[PDB]
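> sequence unknown, structure follows:
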RNA sequence: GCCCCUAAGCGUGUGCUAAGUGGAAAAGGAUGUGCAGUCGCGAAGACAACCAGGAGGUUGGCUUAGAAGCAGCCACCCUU
């Protein structure tokens, strides 16, 4: 689960503005 | 477990033992069990059969009439008064096109729905898992419409297909592993059950175990005698775990009253090995209180069924509980005029209504002789300055009155052996 | 120092009296003789006694009295009673010892104040429901 | 019974709208409307703290003499809006009134005595409409249920109203009902 | 020292505390002592 | 047991949960109430357990009132059957609740124990809930 | 984005952070601090502490193996 959790939580960076593909 | 729609049921049986009266009693017992489980009995019938048919458990013509009557009554549930096989039930269902179960299925369902604690809930769950174990291949729905459920191919060398064991074998393996884990768990909690009463039987004290077929005590006798109110009911198999209290004589020695769950005749041989609580309790009990109903059609049937179960467990566990006194309660109900018939061959038939009642003075006075076997029987003379000569001579259990003297007092009562062995001096 | 209030018309029948007399290194019969000669002679009503055994083994008691709650016990009352507060009437106390009730003892556990009569008028009366009329 | 009006301040809202309302609310003010029989639409910005304080002290029915740029306006609260999640005010309706106006008002009822030692007491609806003058508005009317046998239904037909007060709603709606105390069996049965 | 994410006093005599960062309950009775961890 | 006597449509979409509850934001029947603070899908067994706890706390007095009722048959897919081929059978009776809605109400003399039992019932629910009063 | 890698600020001021939280996360609990209001007391020295205060008929209650302030119980209109 850790892999998916990290992947989808990376979207919370200031550069992604909370939207991240495949997440 | 899964519970579905009820209240539309039919009952099918085969009368191969006993007489017509006994077959009718079995039918009535099944009807009462279904009623308690939450069903409405529509039609229950028995076939005079030497042994159940190996196809439908009833026979071709019987199945025809059952289809007719069930179609006319608009029911969709059939109940067999026995322990049918997957082969039996497959045809018994294909002949009617409605759900089919048996008395053991009914009993497991009611146990599951009445279970109070995780302990018994897991026990009943294991019982039903192990009853449904045979129906992996026997589950035609599981093993039907399955063309290509696996890789039906071979070859020399690379195959890349990894059902290295038959899909049915994998199912058997997985369910066996589940059941093994559950069995390990129910064995493990043996220690938990033990340590719960660990304090008990350490300080040895008389233990009277109240035994009886289902619907006999339902903890009513416990509530009436000890005075502690616990779950008591007129329904069947309501008390799902034991419970002890302090009730005793005027003597300070406690008579721990051990509750027992009901024992229905013709058990499905799945709980008698799982639900060990009551069995261990009766094994360790000092006295037995056998509960009987004085207005039943055949109290002796339940009496001997209980006696047989007790003897089986006794021989299994290498013990011998000599004290076995019966009590024919449920006489205050006045629903049985065979009181003289019972009394002419069965002493100690005190009367208590189904849920309430009194008149247990004679009961207690007759029961005491079998548990009041202490060895104290020591008298002493305490001197003028009693001071601390009150600890275990008066502030103890089985302590009696005595005379008085100027030089302290002549205590003519009984002092317990372990508590006061030599501390007293004549 | 021990004090008692249960039925005092006794001749050493019960542990509170017999062993008490026979213990504590006191005379086996002197205090009992004085007790029976004085209090039983005086109708042997409820007679609380305090033990203050001096070095001479003699502690003279007095004509003690129960509180204003249960003065009838000594006056003309029955030993019966109740245990729950605010219980139904059991008996009455006539206005004959209105001041004598205050002549027995005047103090409390603490050194707070005085007028134990003005305290007991309503302190230990409502405990069981005993009435005073 | 004759209360005294409470002095207060209230400034005319310069700009209106949702953004203005939110900004004023964040600041601490509250937008309200002062209407009246004189047909005088107004948009005032009251102080949330003072408004809450006067409500809690003098209840909902409190004469607020709010200074309208020097001159005073006698205002009577009609209804108020409280956000469900914050319990914070959002607006209220004020009626500009004078001395000598028997305007209808809404009041609550409490109980002084509790109940008998073998029964129970409950509240049906503590909302009664009365006719009281503008300068004298009662509040929190008491109800006598001191040691009263159960089974009775005290409506608004036996409520003692102060001088110069009249009831509006019929004296038939249930305000209180002294019902017998249930047992454990009934308490489990209800809602089962 | 029954440990669990949740604790609370049992008697009026035992008192909560934040010892060494981890929260505990100190009781005159050794049976009621607990820690969060 | 709290089950609807019948339903106009036995299978229905999932109930949209958005915003704050327009109504049921105060104690009407009782005096102290359970004001929820998060979207939740309450069920018959949940409410039954909460009521059991409340009535076990309360012995022979006071009163409790259920505010919400499960009136949405929520269908769970049947046994594995992969996926597809029609909707599942009704298996739950759910009630949607949004923030601010009142679930339970009670009127009890003993205020301390009343609030205690209310807090216990709240803990039994799957969402945060405050205790509110009929008065302001 | 601006300490080094890595270009740009170990920027300026007002506060929080003790957890490296920052630099994953829930139901739950909880004398941390940052900061709003508020309670009867209340700079009378409040409050804590040192403190004289050790069975009032106080061994009653349901009772007598004692109900021995005291296993426990339904009440504390009780004061120079």
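Here it is on my side, so go on. Residues are numbered from 1 along each chain as shown, chains lettered A, B, ... in the order given.

> out of everything not next to it in sequence, what's closest to residue B:73?
residue B:42 (5.0 Å; Cβ to Cβ, 6 or more residues apart in numbering or on different chains). Bear in mind the C-beta positions are built from the backbone N, C-alpha and C, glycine included.

> show me where chain C has strands.
In chain C, no segments count as strands under DSSP state E.

> so residue F:73: helix, strand or coil?
Look at residue F:73: counting by DSSP: H, G, I helix; E, B strand; the rest coil, its state is strand.

> what's the distance between it and residue F:67?
Distance of residue F:73 to residue F:67, computed by Cβ to Cβ, to the nearest Å: 20 Å.

> next one: residue F:60
23 Å.

> who has more neighbours, these two?
More crowded of residue F:60 and residue F:67, by other Cβ atoms under 10 Å in any protein chain shown: residue F:67, with 19 against 12.

> quick one: contacts for that one?
Residue F:67 is in contact with F:24, F:29, F:33, F:101-105, counting by Cβ atoms under 8 Å, 6 or more residues apart in numbering or on different chains.

> now these: which count as buried?
F:24, F:29, F:33, F:101-105 (16 or more other Cβ atoms under 10 Å in any protein chain shown).

> for chain C, what's the nearest residue on chain D?
Chain D approaches chain C most closely through residue D:117 (10.7 Å), counting by Cβ to the nearest Cβ.

> so what touches stretch F:17-35?
D:84-85, D:123, F:39, F:41, F:63-65, F:67-68, F:96-108, F:114-115, F:118, F:121-122, F:125, F:129-134.

> middle-most residue in chain C, spatially?
The centroid of chain C falls nearest to residue C:48 when counting by Cα atoms, centre = their mean (3.4 Å).

> now that one: phi and psi?
Dihedral pair for residue C:48: phi -60, psi 140, per degrees, to the nearest 10.

> excluding its backbone neighbours, what's nearest the residue of chain A at minimum distance from chain F?
The minimum distance from chain A to chain F, using Cβ to the nearest Cβ, falls at residue A:18 (19.4 Å). Using Cβ to Cβ, 6+ apart and skipping residues adjacent in sequence, the residue nearest residue A:18 is residue A:11, 5.7 Å away.

> which residues are in contact with the residue lying closest to residue C:50 once chain neighbours are set aside?
Sequence neighbours aside, residue C:3 is the residue nearest to residue C:50 in space, at 5.4 Å (criterion: Cβ to Cβ, 6+ apart). Contact criterion Cβ under 8 Å, 6+ apart gives C:48-50 as the residues in contact with residue C:3.

> residue D:53: neighbouring residues, count only.
Quick note: residue D:53 (other Cβ under 10 Å) scores 12 neighbours.

> how about residue B:240?
Applying other Cβ under 10 Å, we find 20 residues neighbouring residue B:240.

> can you tell me which residues contact it?
Counting by Cβ under 8 Å, 6+ apart, residue B:240 touches B:111, B:114-117, B:120, B:261.

> most neighbours among the residues you listed, which one?
Counting neighbours by other Cβ under 10 Å, residue B:111 leads these with 25 neighbours.

> phi, psi of that residue?
Here is the backbone geometry of residue B:111 (degrees, to the nearest 10): phi -60, psi -40.

> helix or strand: which one has the spatially closest residue to residue F:103 that is not a sequence neighbour?
Nearest residue to residue F:103, sequence neighbours excluded (Cβ to Cβ, 6+ apart): residue F:34, at 4.3 Å. Per DSSP states H and E, residue F:34 falls inside strand F:32-36.

> try residue B:208
strand B:207-211.

> could you do residue D:25 as well?
Assigned by DSSP H and E, residue D:25 falls in helix D:18-27.

> quick one: buried residues of that helix?
In helix D:18-27, counting by 16+ other Cβ under 10 Å, buried: D:21, D:24-25.

> what's the helix or strand harbouring residue B:315 packed up against?
In this assignment (DSSP H and E), residue B:315 forms part of helix B:299-317. Judged by 3 or more Cβ pairs under 8 Å, 6 or more residues apart in numbering or on different chains; DSSP states H and E, the packing partners of helix B:299-317 are helix B:277-284, strand B:287-293.

> out of those, deepest packed?
Mean neighbour count (mean count of other Cβ atoms under 10 Å in any protein chain shown) peaks for strand B:287-293 among these, with a mean of 22.

> now it against helix B:299-317, angle please.
Put simply, strand B:287-293 runs at 150 degrees to helix B:299-317, going by axes from the mean of the first three to the mean of the last three Cα atoms, to 10 degrees.

> now the residue nearest to residue D:95 when sequence neighbours are not counted: which helix or strand?
Once flanking residues are discounted, residue D:95 sits nearest to residue D:76: 4.8 Å by Cβ to Cβ, 6+ apart. Per DSSP H and E, residue D:76 falls inside strand D:71-82.

> residues contacting residue C:66?
Contacts for residue C:66 (Cβ under 8 Å, 6+ apart) come out as C:5, C:46, C:48, C:73-74.

> most neighbours among these, please name it.
Neighbour max across those (other Cβ under 10 Å) = residue C:73, 23 neighbours.

> once you drop chain neighbours, what's closest to that one?
residue C:46 (4.8 Å).

> phi, psi for the one you found please.
phi -70, psi 120.

> can you tell me how far it is from chain B?
22 Å (Cβ to the nearest Cβ, to the nearest Å).

> give the contact list for that residue.
When contacts are counted by Cβ under 8 Å, 6+ apart, residue C:46 touches C:5, C:7-8, C:64-66, C:70, C:73-74.

> which one of these is nearest to chain D?
The closest of the contacts of residue C:46 to chain D turns out to be residue C:70 (Cβ to the nearest Cβ; 26.3 Å).

> assign the residue nearest the centre of chain E to helix, strand or coil.
Closest residue to the average C-alpha location of chain E: residue E:25 at 2.0 Å, with Cα atoms, centre = their mean. With three-state DSSP as the basis, residue E:25 sits in strand.

> thought it was touching residue E:18?
No - contact criterion Cβ atoms under 8 Å: residue E:25 and residue E:18 do not qualify, at 10.8 Å.

> show me the helices in chain D, by range?
Remark: helices assigned in chain D by DSSP state H are D:18-27, D:48-58, D:184-189.

> got the residues of chain D near chain F?
D:55-56, D:82, D:84-85, D:108, D:114, D:120, D:122-123, D:181-184, D:187-188, D:190-192 (Cβ under 8 Å from any Cβ of the partner chain).

> give me the neighbour count for residue C:122.
Using other Cβ under 10 Å, residue C:122 is surrounded by 11 other residues.

> can you list the residues of chain B near chain C?
Within chain B, the positions adjacent to chain C are B:384-387, B:404, B:406-409 by Cβ under 8 Å from any Cβ.

> same thing but 6 Å
When proximity is defined as Cβ under 6 Å from any Cβ of the partner chain, chain B approaches chain C at B:384-386.

> so which of the residues you listed also contact chain D?
By Cβ under 6 Å from any Cβ, no member of the residues of chain B next to chain C lies near chain D.

> for those residues, which one is nearest RNA strand G?
residue B:386 (7.6 Å; Cβ to the nearest atom of the strand).

> quick one: the closest one and residue C:19 touch, right?
Yes - the pair residue B:386 / residue C:19 is scored as a contact, 4.9 Å apart, by Cβ atoms under 6 Å.

> and the gap between the residue lying closest to residue A:8 once chain neighbours are set aside and chain C?
Closest residue to residue A:8 apart from its sequence neighbours, by Cβ to Cβ, 6+ apart: residue A:23 at 4.0 Å. Per Cβ to the nearest Cβ, residue A:23 is found 72 Å from chain C.

> before we move on, what about residue F:85?
The value you get for residue F:85 to chain C, if Cβ to the nearest Cβ is used, is 72 Å.

> do residue B:180 as well
Look at residue B:180 and chain C: by Cβ to the nearest Cβ, they are 61 Å apart.
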